[PDB]
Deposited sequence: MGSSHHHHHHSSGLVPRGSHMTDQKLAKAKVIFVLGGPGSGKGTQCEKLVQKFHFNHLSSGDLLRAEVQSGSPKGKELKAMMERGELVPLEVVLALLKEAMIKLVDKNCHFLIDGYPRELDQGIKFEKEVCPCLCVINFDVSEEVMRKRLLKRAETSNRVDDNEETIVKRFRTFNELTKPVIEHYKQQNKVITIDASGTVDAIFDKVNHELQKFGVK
C-alpha cells in the first residue's frame, strides 16, 4: 500500500479534556494532517455524489452512518494526503473497539493513542458552576463517554500504545507533556 509510511495517532478526549486545543497546537507545531469523521462526512455530502446524497438523507432521518462508510472516507483521505505529511491525527477516533481494530486491518496499524484524561471533578470545576439540568446533562455525557471508551483504551494500553495525559493542568503544561511523550514514539 501507499500507506506504509503512514504514522497514525488516535486522539481521545471527553468533556473537559481540552483535546480540541491540543490537536490544533500539534498540527501547528508538527504540520500533522488532521482528520475527523465529521469533516469527512460533510465533504462527502458537499461532493454531489449519489452516496453523498444518501448520506444526507440518512442524517436527516437521524439514522446511523455505518462504520464502513467512515472507514472508507478516512482511507481515501489518507491516500490523498500521505505525501504532504506521513503523520495523521485522527480526532475523536476510535470511540469503540470495533472502530480501532477494523481501522488497523483495513487501513494501517496506529502508532499510538493519546488519551487526554480528566477526572469528573476536574471537568466539573472546568465547565460547571461551583443551570442544574444542563450541567447534569454534561455530567452524564462525561460518564457515558468514560464508560463507552473503556475497552478501547484498555485494548491499546495492553499493547503499550496509549499515552495517558493528565489534562488537569494548563494548556501549555499539557502541550509540553504531550510532546515529551510523543518523542518516545519517534515523533519530534
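Absent C-alpha positions map to the deposited sequence ranges 1 to 23, 154 to 159, in order along the chain.
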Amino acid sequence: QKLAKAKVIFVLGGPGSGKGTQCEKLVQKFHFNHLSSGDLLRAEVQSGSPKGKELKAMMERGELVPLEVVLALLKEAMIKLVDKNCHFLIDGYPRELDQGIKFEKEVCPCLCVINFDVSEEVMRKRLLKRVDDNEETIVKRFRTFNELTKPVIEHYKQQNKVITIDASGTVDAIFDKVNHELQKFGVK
From here on, numbers count along this sequence of modelled residues.
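The PDB entry records a higher mean C-alpha B factor for 42 to 50 than for its counterpart among 42 to 50 and 136 to 144. If you average the C-alpha B-factors over 121 to 129 and over 51 to 59, the higher value belongs to 51 to 59. Taking only the listed residues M78, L89, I114, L97, the entry reports the highest CA temperature factor at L97. In the PDB entry, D172 places in the highest third of its chain by CA B-factor.
Sort the chain's modelled residues by C-alpha temperature factor and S36 lands in the middle third, per the entry. Among the modelled residues of the chain, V27 sits in the highest third by CA temperature factor in this PDB entry.
Per the deposited record, the Cα B-factor of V70 falls in the middle third when ranked against the other modelled residues of its chain.
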